[PDB]
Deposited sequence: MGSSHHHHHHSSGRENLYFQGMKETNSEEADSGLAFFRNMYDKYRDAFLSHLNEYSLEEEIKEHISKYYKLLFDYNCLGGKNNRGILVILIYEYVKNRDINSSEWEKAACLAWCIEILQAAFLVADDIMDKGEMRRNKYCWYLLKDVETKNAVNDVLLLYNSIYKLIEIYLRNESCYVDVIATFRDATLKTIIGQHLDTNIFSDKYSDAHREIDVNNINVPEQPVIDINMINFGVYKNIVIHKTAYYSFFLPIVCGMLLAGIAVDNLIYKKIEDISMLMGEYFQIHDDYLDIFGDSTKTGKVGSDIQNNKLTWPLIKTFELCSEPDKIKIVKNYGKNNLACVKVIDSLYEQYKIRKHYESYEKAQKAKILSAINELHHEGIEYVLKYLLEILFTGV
């Protein structure tokens, strides 16, 4: 039903903008643009986050109560949209959900895309106000979105700068606008400790913690269960991001809906760390020389090393062991309702529905 409800939350927000003191023709233009900004970026995904709000709420506890839950559910889908528009600018994305990235469109470009990230982000809080301002969890829901957003921003910053020169005794150069940085990996950062730090922040909080907490706050949970949920969410985000990093190398872009770019974008990935952990000293030198380069021969070397050190096999073994670790933590929850949803989510996570 949540999928039918989409139009309702979008049109509620578009109606808010239509109340602005603008000339009728200008209101018509802004409606056309923003309807597309929402449809294009909120639709086409698995909707795992939104569906998770709906299920957690149902299994913790009418149409009026569903109107509030589906609002929160669509707000996380709007947050996903905001983060993916910004991520694709940052990661020089080509494709998103089998459509061109929003920032690439000649009618949009980076100039609109930056402004649109802020619009999508701010639409959430207007929608929570419209549907939940008189709820007791209202300020607690507002704070959950803000804290999970702040954590994602830090994660995105680490993902984007972990190998940067400013981090590899000297300070950021405020006088350099002409000498580009040559991306090189920092071997001191190639460890799972650093990787887990990035991954819990850029994915776990907004993808797992935020939807579960939304459903729980709305259903009325005040409680030490929230720390257990936080810990499961971290295990789940790590598991989900490792699979994503796997797909960037071994996935099919027609199936994933996006084009792989981590080797050329100098990302600290799970396949990188796993390879560094297993490979020979000359192969470490090969990685340093060829990683972080938007050049076919360079990415081919890295890709060949991922085949050589059987990264596909190590991932399969990781997934098996991490799913067990997640299930073991879920069993310690002592809440049958939440446990069913989380066990179910774990099964559909990579496929959706």
property: Gaps in the model (deposited sequence, numbered from 1); result: 1 to 35, 97 to 100, 208 to 209, 264 to 265
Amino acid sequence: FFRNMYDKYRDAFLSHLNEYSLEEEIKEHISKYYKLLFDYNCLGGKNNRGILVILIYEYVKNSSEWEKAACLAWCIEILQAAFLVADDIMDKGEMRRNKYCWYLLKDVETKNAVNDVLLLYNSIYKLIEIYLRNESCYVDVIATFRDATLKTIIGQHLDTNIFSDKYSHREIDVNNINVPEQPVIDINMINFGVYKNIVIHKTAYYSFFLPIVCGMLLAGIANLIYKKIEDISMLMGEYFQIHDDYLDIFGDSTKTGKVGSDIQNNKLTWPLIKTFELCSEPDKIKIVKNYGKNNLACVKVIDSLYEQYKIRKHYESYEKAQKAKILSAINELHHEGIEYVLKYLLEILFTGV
From here on, numbers count along this sequence of modelled residues.
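Rigid core (definition): largest C-alpha set, two forms, superposition within 1.5 Å.
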item: Farther-lying stretch by C-alpha RMS in 8 other deposited structures of this protein (rigid core fit) among 98 to 106, 172 to 180; value: 172 to 180
item: Higher-deviation segment by CA RMS in 8 other deposited structures of this protein, core fitted, 31 to 39 or 290 to 298; value: 290 to 298
item: Other entries omitting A143, at least a third; value: no
item: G260: gap in at least one third of other compared structures; value: yes
item: Of 32 to 40 and 309 to 317, the one with larger mean CA B-factor; value: 309 to 317
item: Selected stretch [higher average CA B-factor]: 136 to 144 or 194 to 202; value: 136 to 144
item: Chain-relative CA temperature factor third for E277; value: highest
item: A324 by Cα B-factor - lowest, middle or highest third of the modelled chain; value: highest
item: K284 - Cα temperature factor, lowest/middle/highest third of chain; value: lowest
item: For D173, the third of its chain into which the C-alpha B factor falls; value: highest
item: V299 by Cα B-factor - lowest, middle or highest third of the modelled chain; value: lowest
